[PDB]
Amino acid sequence: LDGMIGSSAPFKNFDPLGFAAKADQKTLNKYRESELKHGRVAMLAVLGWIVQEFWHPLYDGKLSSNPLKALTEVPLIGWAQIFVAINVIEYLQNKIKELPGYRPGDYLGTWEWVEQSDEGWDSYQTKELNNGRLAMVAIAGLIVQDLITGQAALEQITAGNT
Amino acid sequence: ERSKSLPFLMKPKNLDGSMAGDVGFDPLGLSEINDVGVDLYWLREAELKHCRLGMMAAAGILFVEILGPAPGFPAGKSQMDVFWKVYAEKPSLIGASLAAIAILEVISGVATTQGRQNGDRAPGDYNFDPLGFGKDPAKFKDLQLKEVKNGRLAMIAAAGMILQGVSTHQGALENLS
Amino acid sequence: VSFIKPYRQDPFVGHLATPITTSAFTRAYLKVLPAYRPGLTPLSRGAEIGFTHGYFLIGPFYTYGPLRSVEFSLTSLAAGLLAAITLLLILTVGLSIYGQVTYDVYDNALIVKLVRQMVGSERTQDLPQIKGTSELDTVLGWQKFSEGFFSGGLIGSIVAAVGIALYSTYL
Amino acid sequence: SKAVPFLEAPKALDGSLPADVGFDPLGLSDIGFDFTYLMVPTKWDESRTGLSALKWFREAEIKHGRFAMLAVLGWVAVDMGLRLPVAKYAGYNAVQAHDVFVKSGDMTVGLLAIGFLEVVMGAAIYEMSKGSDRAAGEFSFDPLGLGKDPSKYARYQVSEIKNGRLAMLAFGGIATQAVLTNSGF
Amino acid sequence: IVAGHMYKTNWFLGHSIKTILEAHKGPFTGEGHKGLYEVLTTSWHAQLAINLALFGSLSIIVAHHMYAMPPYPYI
Ligand code: CLA
Ligand code: CLA
Ligand SMILES: C/C(C=C=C1C(C)(C)C[C@H](O)C[C@@]1(C)O)=C/C=C/C(C)=C/C=C/C=C(C)/C=C/C=C(/C=C/[C@@]12O[C@]1(C)C[C@@H](O)CC2(C)C)CO
Ligand SMILES: CC(/C=C/C=C(C)/C=C/[C@@]12O[C@]1(C)C[C@@H](O)CC2(C)C)=C\C=C\C=C(C)\C=C\C=C(C)\C=C\[C@@]12O[C@]1(C)C[C@@H](O)CC2(C)C
Ligand SMILES: CC(/C=C/C=C(C)/C=C/[C@@]12O[C@]1(C)C[C@@H](O)CC2(C)C)=C\C=C\C=C(C)\C=C\C=C(C)\C=C\[C@@]12O[C@]1(C)C[C@@H](O)CC2(C)C
């Protein structure tokens with residue numbers, strides 16, 4: 001709800017509940033960090049959901065193609081390694097956050113090269129944000145549908161449980 | 001400013017009044033093509049060649065179907081299928097006719113391109129007036145108009161006869177009745 | 001926008017500021033590594049490097065050595081551990097000779113200033129010159145670095161052997 | 001506006017077109033796309049200033065109205081008999097005559113002839129886009145001559161567009177109902 | 001045949017290779033393909049390089065697909 005990147009045509013500066021009208025710059029940076037992290041994690045989660053459903057080469061097959069079921073089938077020592085890798089990545093991100101000129105979601109340090117941003121750079125950042133938002137909605141829907149129905153995405157669609 | 005044939009269309013720029021049969025009927029503006037060696041001269045020469053070929057073909061079909069074939073030639077009343085009967089027994093006639101037409105068409109193309117280049121020959125002109133039917137003017141324009149109209153009608157007729165013979169495998173007047 | 005620019009505004013260096021050389025991720029990741037982590041003595045840097053290196057070095061020797069075993073064998077583990085320790089010894093010998101022939105300094109970040117201020121009209125290359133201002137760039141610093149590498153390599157190799165034995169036995 | 005009074009106007013329905021009352025709730029008469037490019041995909045001519053979507057829509061509406069009027073006349077005719085004085089047209093209603101005649105090679109001939117006429121008059125539309133003074137739906141077709149007396153021409157215009165709208169809706173009903181006033185579902 | 005109706009030659013129709021190349025810039029590539037059209041229309045050696053490289057690669061691909069799927073009877 002500022003001159004921040006992420007304002008698109010359907011709803012420009014979409015803050016209907018006024019979360020940003022009262023927040024300071026630090027809280028807004030925190031909100032942008034949370035939104036970008038959620039969007040990236042959700043894009044990965046949606047892609048993994050679908051691909052796992054129609055392709056699970058690892059673990060010598062097995063590891064039932066329905067997600068939320070393979071969640072309880074991974075050896076639980078591979079879960080620990082994924083957890084530790086995510087933790088090390090976020091430790092590195094925390095270290096990045098104290099670098100001078102840091103921008104909320106910018107872990108590549110594009111502020112080093114991008115002074116006086118263009119419209120293409122802002123448009124690409126907005127594209128990433130919008131894809132992340134769509135993936136957040138999609139992954140929430142995926143998890144809820146798999147919980148209530150018990151079938152996965154391409155399985156529920158194939159049968160016709162819509 | 002509006003074409004005489006199509007009042008809802010502006011006058012085609014390249015068709016003023018000169019050519020016989022000109023009524024401004026160029027809805028697609030094909031007369032303005034000036035590429036791939038195609039222009040108004042080439043289009044008019046092609047139209048006149050088509051007119052003459054269609055006139056000859058329609059006259060031949062009607063003659064053979066009405067008055068019958070010449071002695072020693074096959075019958076059948078289907079002109080699109082009697083060709084293969086002639087070729088089955090007199091292939092040399094067909095081959096010689098094809099070679100003659102090929103040579104005459106090479107000459108025709110050379111003449112068309114030359115007359116287009118050093119403008120001295122009107123499109124479709126081959127100086128073929130052995131009987132002197134079009135020597136004087138004020139009759140040449142009327143003869144050109146008659147030839148163009150008859151040739152367009154015979155073009156349409158000959159295309160119709162070709163399609164009818166290919167599809168129905170019957171004679172033209174056989175399809176008529 | 002352009003994501004490649006001359007390094008530090010010098011178009012004549014043989015280097016470029018690409019999204020890999022000078023990215024914030026690269027900065028933080030290289031600044032958390034023992035070789036560049038702030039607040040570490042050269043002995044601590046050497047110890048951490050040796051620990052990590054012995055830890056991942058025992059792996060290939062134990063797994064693919066001349067005395068492998070598809071099951072767990074104490075002889076295979078001992079062979080891999082000894083090979084890793086001897087390789088660490090060879091690396092420590094290389095470090096020692098490299099430091100012996102490279103530096104002649106016992107306290108850096110000062111001698112450079114002393115010869116930039118109080119003149120250096122001597123045989124040079126010890127008073128003047130002096131490449132690098134890190135504590136690793138001294139005779140004393142590199143000696144402690146090699147000592148730490150060697151001790152940490154032994155400790156990390158032993159720890160990795162213990163972990164391998166535990167994983168092969170209790171899993 | 002004069003219809004749907006709680007909406008002022010689309011933007012381009014000033015009144016320069018006949019049969020204008022202002023009814024356009026969706027604002028379809030403001031699309032910036034020049035639909036002549038659906039015919040000539042490129043600008044082609046440097047003098048092609050462009051054709052407003054409103055004029056293209058008016059031409060389409062007039063053409064639709066004429067098509068629907070002739071269509072309802074034909075569909076009503078084949079419900080009450082009235083077959084062509086020739087064989088192979090016996091009785092097969094209107095819901096089935098279309099397919100049986102598409103089979104018998106003459107609907108293709110009709111398609112070719114209608115396409116020829118459509119191409120000529122679409123060349124007229126393209127010239128209008130180029131900037132000819134010809135108005136939408138004006139093919140200068142007044143053979144019998146009941147088109148003089150400009151007041152009569154304007155009245156007949158509004159009449160033709162209103163009748164075309166009525167005929168469009170009536171044909172939609174007739175084809176949807178499979179005829180009820182003269183036949184059964 | 002469809003692919004042959006792509007580039008603008010003599011009518012107001014088709015593509016200009018100069019306009020296509022000059023529009024393909026990027027953050028990592030500076031000016032992008034600007035000037036490549038002038039390079040490939042003024043240097044026979046550049047055209048020979050591209051054509052010969054792709055031609056040899058095509059020959060190797062042909063060699064593979066030949067034995068892989070024998071296209072001739074009794075070969
Ligand atoms: C939130 C992300 C996420 C999570 C938690 C999982 C979780 C899981 N996946 Mg998976 N997957 C994901 C995304 C994810 N996936 C994506 C995006 C793809 C497409 C390439 C796949 C493709 C995939 C296949 C083909 C298979 C799994 C399988 C599995 C299961 C076993 C773990 C495994 O072998 O992973 C394997 C994961 C991969 C091969 C690809 C992971 C690539 C990661 C997500 C991208 C890089 C991450 C990086 C380290 C951190 C980002 C850096 C920066 C942005 C900060 C487990 C339930 C296996 C299974 O049993 O299926 C039922 C299996 O066979 N996944
Ligand atoms: C939208 C107009 C339209 C269309 C598509 C048809 C279609 C049809 N009618 Mg038909 N009809 C119409 C209007 C129409 N009618 C009108 C308005 C009347 C009353 C005058 C009739 C009276 C009528 C009778 C009496 C019969 C048919 C029949 C038929 C069918 C057989 C014809 C056929 O196979 O195609 C042939 C091809 C076409 C119909 C395409 C039309 C091409 C025209 C001829 C080109 C010229 C149009 C004209 C010049 C427009 C002038 C405007 C402008 C130039 C100024 C066919 C389904 C016959 C049948 O068996 O039906 C069950 C039948 O017996 N119709
Ligand atoms: C480069 C060139 C010439 C030239 C040049 C020059 C030389 C350089 C000089 C100038 O400077 C330029 C230029 C361009 O003019 C081109 C040559 C022309 C071509 C390419 C010739 C094409 C002729 C094809 C024809 C005319 C075939 C017609 C077929 C029929 C079939 C008849 C049937 O009876 C058959 C057989 C079976 C029956 O069941 C039924 C049917 C189907 C009706 C009707 O007849
Ligand atoms: C080309 C030709 C015939 C070609 C026929 C062909 C290809 C047919 C081939 C086929 O049928 C076969 C064979 C077998 C079938 O299974 C296959 C096909 C293909 C169907 C005849 C030319 C025939 C050519 C002829 C008759 C030429 C006559 C020339 C004369 C009279 C010249 C006179 C002059 O030369 C003088 C005397 C003095 C000069 O100064 C002035 C003039 C006037 C020029
Ligand atoms: C829906 C429709 C029109 C709807 C109009 C509406 C809602 C208008 C509403 C308003 O006016 C009111 C009420 C009041 C105004 O103040 C406000 C508005 C809003 C303006 C037309 C459908 C129109 C639908 C049509 C025309 C469908 C035609 C289908 C045909 C002709 C099929 C032909 C065949 O060929 C096949 C396909 C197969 C062959 O085998 C058989 C046959 C049958 C021969």
Side-chain angles (χ1 to χ4, degrees), chain B residues 6 8 36-38 42 45-46 49-50 53-54 56-57 61 78-87 94 97-98 101-103 105-117 158-159 161-167 169, chain D residues 3-4 21 23-26 63-78 80-95 97-118 120-121 139-144 165-179:
Chain B
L6 307 152
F8 47 84
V36 177
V38 172
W42 183 269
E45 171 68 275
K49 179 170 297 173
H50 273 102
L53 188 52
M56 298 289 292
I61 293 187
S78 178
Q79 299 314 308
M80 299 321 123
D81 276 11
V82 73
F83 173 88
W84 295 115
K85 298 176 86 172
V86 178
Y87 178 83
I94 310 282
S97 297
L98 267 181
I101 292 174
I103 285 185
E105 273 308 274
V106 165
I107 305 309
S108 166
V110 167
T112 302
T113 54
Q114 294 297 311
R116 201 182 50 190
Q117 200 179 344
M161 311 197 184
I162 284 187
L163 204 48
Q164 287 170 214
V166 166
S167 74
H169 281 305
Chain D
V4 194
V21 67
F23 171 73
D24 184 36
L26 287 182
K63 169 171 281 187
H64 270 87
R66 297 161 161 161
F67 269 121
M69 293 177 71
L70 292 200
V72 296
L73 188 52
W75 195 298
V76 165
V78 298
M80 294 182 286
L82 275 294
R83 261 47 172 199
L84 279 174
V86 76
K88 71 185 174 67
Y89 299 152
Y92 292 165
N93 56 63
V95 72
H98 176 277
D99 276 342
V100 69
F101 298 154
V102 160
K103 280 203 68 56
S104 76
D106 56 349
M107 294 299 291
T108 318
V109 182
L111 196 55
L112 293 191
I114 293 181
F116 167 84
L117 296 184
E118 286 290 310
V120 179
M121 293 180 183
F139 298 125
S140 181
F141 176 70
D142 198 31
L144 278 195
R165 297 158 171 178
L166 196 148
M168 281 172 240
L169 299 154
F171 187 82
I174 279 164
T176 309
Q177 296 161 232
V179 167

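Below, read A as the first sequence line, B as the second, and so on, with proteins coming before strands; counting in each chain starts at 1. Numbering of ligands and ligand atoms starts at 1, following listing order.
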Numbering the atoms of ligand 2 from 1, which are under 4.0 Å from a heavy atom of [X]?
X         : result
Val78(D)  : 61 (O), 62 (C)
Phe141(D) : 55 (C)
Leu73(D)  : 17 (C), 19 (C)
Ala97(D)  : 62 (C)

Considering only heavy atoms, which of [options] lies nearest to [atom]?
atom                    : options                                   : answer
atom 21 (C) of ligand 2 : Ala68(D), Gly74(D), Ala90(D)              : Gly74(D)
atom 62 (C) of ligand 2 : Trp75(D), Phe67(D), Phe101(D), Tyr89(D)   : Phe101(D)
atom 40 (C) of ligand 2 : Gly91(D), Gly110(D), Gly81(D), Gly115(D)  : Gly110(D)
atom 11 (O) of ligand 3 : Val106(B), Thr113(B), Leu163(B), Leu98(B) : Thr113(B)

Of all the non-hydrogen atoms in the protein, which one sits nearest to atom 13 (C) of ligand 3, and at what distance?
->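 Looking only at protein heavy atoms, the one closest to atom 13 (C) of ligand 3 is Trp42(B) CH2, 4.7 Å.
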Atom 42 (C) of ligand 3: the protein heavy-atom neighbour that sits closest, reported with distance to 0.1 Å = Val166(B) CG2, 4.7 Å
Kindly check if the number of other-residue, nucleotide or ligand heavy atoms within 6.0 Å of NZ (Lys88(D)) is above 12?
-> yes
Taking only heavy atoms of [X], which atoms of ligand 5 are found under 4.0 Å from at least one of them?
X         : result
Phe23(D)  : 20 (C)
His98(D)  : 35 (O), 44 (C)
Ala94(D)  : 44 (C)
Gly172(D) : 23 (C), 26 (C)
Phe171(D) : 26 (C), 31 (C)
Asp99(D)  : 39 (C), 40 (O)

For ligand 3, which atoms, with element, lie under 4.0 Å from some heavy atom of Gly109(B)?
->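 So the answer, numbered in order with elements, is 10 (C), 15 (O).
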Pull out every atom of ligand 3 sitting under 4.0 Å from any heavy atom of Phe83(B), numbered as shown with elements.
-> 36 (C)
Can you find a pair of side-chain heavy atoms, one from [X] and one from [Y], that are under 4.5 Å apart?
X         : Y         : result
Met80(B)  : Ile61(B)  : yes
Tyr89(D)  : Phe101(D) : yes
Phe67(D)  : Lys63(D)  : yes
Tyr92(D)  : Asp99(D)  : no
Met107(D) : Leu111(D) : no

As an exercise, state the distance from [atom1] of [X] to [atom2] of [Y], rounded to the nearest 0.5 Å.
X        : Y         : atom1 : atom2 : answer
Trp75(D) : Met80(D)  : CH2   : CE    : 14.0 Å
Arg66(D) : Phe139(D) : CZ    : CZ    : 6.0 Å
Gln79(B) : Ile162(B) : CD    : CD1   : 11.5 Å
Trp42(B) : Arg116(B) : CH2   : CZ    : 6.5 Å

Is [atom] close to the protein, meaning a heavy atom under 4.0 Å from it?
atom                    : answer
atom 15 (O) of ligand 3 : yes
atom 36 (C) of ligand 3 : yes
atom 24 (C) of ligand 3 : no
atom 30 (C) of ligand 3 : no

Does an N or O anywhere in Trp84(B) fall below 3.5 Å from an N or O of ligand 3?
->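 For ligand 3, there is an N or O atom that lies under 3.5 Å from one belonging to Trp84(B).
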Less than 3.5 Å between some nitrogen or oxygen of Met80(B) and one of ligand 3, yes or no?
-> yes
Check [X] against [Y] and note the closest heavy-atom contact, atom names and distance.
X         : Y         : value
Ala57(B)  : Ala158(B) : CB-CB, 4.3 Å
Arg83(D)  : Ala90(D)  : CG-O, 3.4 Å
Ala167(D) : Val72(D)  : O-CG1, 3.8 Å

Of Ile174(D), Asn93(D), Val76(D), the residue whose pairing with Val179(D) passes side chain to side chain contact (heavy atoms under 4.5 Å, CB included) =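 Per the side chain to side chain contact (heavy atoms under 4.5 Å, CB included) rule, the option paired with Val179(D) is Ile174(D), out of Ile174(D), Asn93(D), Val76(D).
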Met107(D) to ligand 2, any heavy atom closer than 4.0 Å | yes
Parallel, tilted or perpendicular, as decided by the 30° and 60° cut-offs, for the rings of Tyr87(B) and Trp84(B) = perpendicular
Below 3.5 angstrom, do we get any N/O pair linking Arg83(D) and ligand 2?
->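 No; every N/O pair is 3.5 Å or more apart.
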Within-cut-off N or O pair, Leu84(D) and ligand 2, under 3.5 Å = yes
